[PDB]
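Read the single chain below, which is given as structure tokens and is the form deposited in one PDB entry.
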């Protein structure tokens, strides 16, 4: 039975789209999630919506309670999580407005708990060393890629996201350096969200929309909040459409072996006395 957690879903919380809408404020061993969980059916698939920075956005990416968010989604029975994120492009070929179905990350965060198994929570006892060779769920990504093609969307089938601590944007020297490291897009939220989802045995995938060229690129306006917001206003409809069309495809795909292997990977990553 699939249940899809949706983070950043802007704007699936719509009475025309979400049937049987119900709201829930949960607590977790790691504190309160960023917002209420919004439950319902989208195209007859059970979904759980969670706004990442709250309903009226008051949280720097550094302070988002990623642990509580993922724990809550796991506790609701989510088998999948699909997230949407804006990002900067570090490659000429990834133009603003393009979607990138990211398949790797590079962590540049510093302040962030990245495990449930922190020695202080008896619902997550021991030490977990989760594999990150393939951080994003391949089958979900394939569906996203296929669906984007059908919709005629500008879409890149792979990409490496560098997640910076923020909340500042990168310097130009940083932007150039990230390019030499192999990063293709840049954001502030993929890590540790993706890591925690893997620990929880959840199939996680990300829809990244490029909104700017960061500040590496000749002749473009360098990134700012207004440049990001402007591109999202002109393009964010694309991510919503991609998600809407993807959800029922996930609902009608077979998952038991994928989910079993994720469960095993998570279980056998934990060391006990």
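Positions refer to the first chain, counted from 1. Each form is matched to the other, and the largest set of C-alpha atoms that superpose within 1.5 Å is called the rigid core. Residues that one form lacks are left out of the comparison.
The form deposited in another entry exists for this protein as well; it is not shown, and the discussion that follows is about that form.
For residue 262, the Cα coordinates differ by under 2 angstroms between this form and the one not shown after the core has been superposed. If you fit the rigid core between this form and the one not shown, you'll see the Cα of residue 249 move by less than 2 angstroms. Note on residue 9 and residue 243: their C-alpha atoms are more widely spaced in that other deposited form, a change of at least 3 Å from this conformation.
Whereas the shown form places them at one spacing, the Cα atoms of residue 12 and residue 251 lie at least 3 Å farther apart in that other deposited form.
In sequence order, 9 to 20 is the sole run of at least 3 residues present in both forms whose Cα atoms shift by 2 Å or more between this form and the one not shown once the core is superposed.
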